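> So I pulled this structure from the PDB, and the sequence comes with it:
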Amino acid sequence: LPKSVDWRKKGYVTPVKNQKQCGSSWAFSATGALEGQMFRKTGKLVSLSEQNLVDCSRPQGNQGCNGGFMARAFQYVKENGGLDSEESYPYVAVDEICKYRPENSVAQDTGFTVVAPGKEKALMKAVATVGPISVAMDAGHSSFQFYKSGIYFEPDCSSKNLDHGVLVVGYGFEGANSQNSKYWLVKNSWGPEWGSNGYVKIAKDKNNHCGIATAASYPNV
């Protein structure tokens, strides 16, 4: 595998978005993974509709602004036959009536692939070979809310109890040694202003920190 990967540098990632006051990180993580897969498939980067997911995926088990899961979102895209673009179905950060329009669909999936659980090595292979990957993590600490730069490492982080969906867009290391000070490049949905231009470097190969490899997946396009 490569020593480092950064899908942002290859055009697979949209600019950072902001979920605002709605517990929709699961939707942002899902559209991020679909955006990278549609880009790999067609060469066109199109921002997808998290609102489409928020308003319409209740049957698949999601709860809009009250929470959900990326796998349920990919299930909805598969069952629904499509997903609208953000331009056509804008994000408003509140639960609204489902307004899916098939004529406006710009993405599709036949289901999804799950990365072997808890395996950071399996996650690194998926990131290097597929593109950005949806992952769940434990973001429930003040150190994460206030993160600004460097490799994030929180001793109280759990690898089992997860509460926020994010997107792994790559991995790398600090310094000249490729085997130390390793990190996962993660795109968050708290706006460009949070963290490092909206991203966070999470410690890699340090016992699956914050559970990044615990429940990872990607849509099959």
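Arrived safely. Numbering: from 1, shown residues only.
> And the helices in this structure?
25-42, 50-56, 70-80, 120-129, 142-145 (DSSP state H).
> Relative to residue 1, which of the ones you listed is closest?
helix 120-129 (4.7 Å; Cβ to Cβ). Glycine gets a C-beta too; all of them are placed from N, C-alpha and C.
> quick one, which of the helices of the chain is packed in tightest?
Neighbour counts averaged per stretch over the helices of the chain are highest for helix 50-56, at a mean of 28; criterion: mean count of other Cβ atoms under 10 Å.
> Give the other helices and strands that it contacts.
With contacts taken as 3 or more Cβ pairs under 8 Å, 6 or more residues apart in numbering; DSSP states H and E, helix 50-56 sits against helix 25-42, helix 70-80, strand 83-84.
> Of those, which is nearest residue 190?
Nearest of those to residue 190, taken as Cβ to Cβ: helix 25-42 at 8.6 Å.
> Next, the angle from the closest one to helix 70-80.
60 degrees (axes from the mean of the first three to the mean of the last three Cα atoms, to 10 degrees).
> how far is helix 25-42 from where the chain is centred?
For helix 25-42, the distance from its own C-alpha centre to the chain's C-alpha centre is 8 Å (Cα atoms, centre = their mean, to the nearest Å).
> then it to PDB, C-alphas only?
Presented in PDB, the C-alpha positions along helix 25-42 are these (Å, rounded to 0.1, in the frame of the first residue of the first chain):
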ATOM      1  CA  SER A  25     -23.400  13.500  10.600                       C
ATOM      2  CA  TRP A  26     -24.400  10.100   9.400                       C
ATOM      3  CA  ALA A  27     -25.900  11.800   6.300                       C
ATOM      4  CA  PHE A  28     -22.800  13.800   5.600                       C
ATOM      5  CA  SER A  29     -20.600  10.800   6.000                       C
ATOM      6  CA  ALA A  30     -22.800   8.900   3.600                       C
ATOM      7  CA  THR A  31     -22.900  11.600   0.900                       C
ATOM      8  CA  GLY A  32     -19.100  12.100   1.300                       C
ATOM      9  CA  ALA A  33     -18.500   8.400   0.500                       C
ATOM     10  CA  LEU A  34     -21.000   8.500  -2.400                       C
ATOM     11  CA  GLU A  35     -19.500  11.600  -3.800                       C
ATOM     12  CA  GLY A  36     -16.100  10.000  -3.900                       C
ATOM     13  CA  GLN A  37     -17.500   6.800  -5.500                       C
ATOM     14  CA  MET A  38     -19.600   8.700  -8.200                       C
ATOM     15  CA  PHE A  39     -16.400  10.700  -9.000                       C
ATOM     16  CA  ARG A  40     -14.400   7.500  -9.400                       C
ATOM     17  CA  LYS A  41     -17.200   6.100 -11.700                       C
ATOM     18  CA  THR A  42     -17.800   9.200 -13.800                       C
END
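> That concludes my questions; thank you for your assistance.
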